[PDB]
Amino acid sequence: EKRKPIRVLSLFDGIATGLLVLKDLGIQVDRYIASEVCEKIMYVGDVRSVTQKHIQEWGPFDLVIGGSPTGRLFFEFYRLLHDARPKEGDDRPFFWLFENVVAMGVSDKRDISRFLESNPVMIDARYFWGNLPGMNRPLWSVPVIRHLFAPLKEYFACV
């Protein structure tokens, strides 16, 4: 019931973008685990090696971020999301973000919006899906993720 430092799971293409944005906002970090798709802050290698058991042991996680500024990188992210989400009945704050380029298949955008149950924020240009306050939508990339992540200051401890 009190503000604690954030714990992060990153499938982002830039393994350190999330940590830099978080420290840029002054948010304390108790955990930051980075992974990549290829083909305690910690690098864990291929996402193909991260099992659900690893997600359990390293967790709990408060933030899950992924994407890159083809669709294989989304579903992997999706998997991690599913494995890191709080179970039903747990109301603790949990947030996620997924970025991709606007130049994508219209089918890809529709599929991602369906799977995430959310419509994207367009920023001229990139697409950003998330459940942060302000990313609710109808129907480098560092400072923009900073502004999008700003509401995390009202949920986790700041230094």
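Note that residue numbering begins at 1 and tracks the sequence as displayed.
Missing deposited residues between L139 and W140: 10 or more, all without coordinates in the entry. Where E39 is followed by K40 in the displayed chain, the model omits 10 or more of the deposited residues that sit between the two. The deposited model assigns a higher average Cα B-factor to 40 to 48 than to the other stretch when 57 to 65 and 40 to 48 are compared. If you average the C-alpha B-factors over 127 to 135 and over 94 to 102, the higher value belongs to 94 to 102. When the C-alpha B-factors of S118, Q28, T70, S35 are read from the PDB record, the largest value belongs to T70.
Among the modelled residues of its chain, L11 has a C-alpha B-factor that falls in the middle third, as given in the PDB entry. Annotation for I145: CA B-factor lies in the highest third of the chain's modelled residues. In the PDB entry, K153 places in the lowest third of its chain by CA B-factor.
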